[PDB]
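The analysis underlying the following values was restricted to heavy atoms, covering all of them including side chains, and did not include hydrogens, waters or symmetry mates. By convention here, the first residue in the shown sequence is residue 1.
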Amino acid sequence: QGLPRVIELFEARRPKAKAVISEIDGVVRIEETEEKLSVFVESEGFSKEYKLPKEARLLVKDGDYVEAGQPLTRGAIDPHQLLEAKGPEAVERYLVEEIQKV
């Protein structure tokens with residue numbers, strides 16, 4: 001994506017084709033009707049229902065364990081959501097590596 005991707009990173013914009021990340025650690029449970037599609041990240045005392053469009057490529061198959069801040073869909077991560085999910089060091093790592101890819 002070239003120079004626009006770099007600008008999008010240095011400006012910390014929320015990208016348009018944004019991946020969906022998990023807000024908590026937990027276990028995946030896909031719930032796929034032929035009309036709608038959702039992913040649950042469930043833990044001992046928390047349930048996280050992420051309703052996403054039916055055409056989203058998942059990085060996560062049913063039953064996997066995910067860290068808080070791990071991507072479930074494909075695409076670019078919103079840096080502010082990553083910061084809230086996972087903290088400063090992870091956002092630095094992601095910004096540096098994503099800029100260097102280009």
Practice problem: Mind checking the NZ-CD spacing from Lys101 to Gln1? Nearest 0.5 Å is all I need. | Solution: 11.0 Å
Quiz item: If every non-hydrogen atom of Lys51 is compared with every non-hydrogen atom of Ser38, which pair is closest and at what distance?
Solution: CG-OG, 3.2 Å
Quiz item: Hey, does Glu55 have a side-chain heavy atom less than 4.5 Å from the side chain of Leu37?
Solution: no
Quiz item: Linking I/L/V/M/F/W/Y whenever any side-chain heavy atoms sit under 4.5 Å apart, do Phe10 and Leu83 land together?
Solution: yes
Quiz item: To the nearest 0.5 Å, what is the distance between CD1 (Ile21) and CG (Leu59)?
Solution: 12.5 Å
Practice problem: Would you indicate whether the side-chain heavy atoms of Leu72 and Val41 approach each other to under 4.5 Å? | Solution: yes
Quiz prompt | Shortest non-hydrogen contact from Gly75 toward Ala19 | solution = O-CB, 3.5 Å
Quiz prompt | For the student: nearest non-hydrogen atoms of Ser22 and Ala85, plus distance | solution = O-CB, 4.0 Å
Quiz prompt | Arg5 and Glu8, any side-chain heavy atoms less than 4.5 Å apart | solution = yes
Self-check item: Atom pair CG/CD of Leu95 and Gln100 - distance to nearest 0.5 Å
Solution: 12.0 Å
Quiz item: Given side chains that start at C-beta, do those of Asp62 and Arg29 come closer than 4.5 Å, heavy atoms only?
Solution: yes
Quiz item: Atom CG of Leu82 and atom OH of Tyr94: how far apart are they, to the nearest 0.5 Å?
Solution: 8.0 Å
Quiz item: Does a sphere of radius 6.0 Å around CD in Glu84 hold more than 12 heavy atoms from other residues, nucleotides or ligands, not counting ones at 6.0 Å or beyond?
Solution: no
Practice problem: Check the pair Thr73 / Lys18 against side chain to side chain contact (heavy atoms under 4.5 Å, CB included), numbers first and verdict last. | Solution: CA-CA 8 Å; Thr73 319; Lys18 98 149 70 176; over 6 Å; no
Quiz item: Nearest heavy-atom pair of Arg74 and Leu58: which atoms, and what distance?
Solution: NH1-O, 4.0 Å
Quiz item: Is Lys86 salt-bridged to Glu67, going by a charged N under 4.0 Å from an acidic O?
Solution: no
Quiz prompt | Distance, nearest 0.5 Å, that separates CD of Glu44 from CD of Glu42 | solution = 13.0 Å
Practice problem: Using the side chain to side chain contact (heavy atoms under 4.5 Å, CB included) rule, take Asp25 and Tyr65 through it: C-alpha gap first, then chi angles, then the decisive distance, then the call. | Solution: CA-CA 7 Å; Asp25 311 302; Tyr65 167 76; 3.7 Å; yes
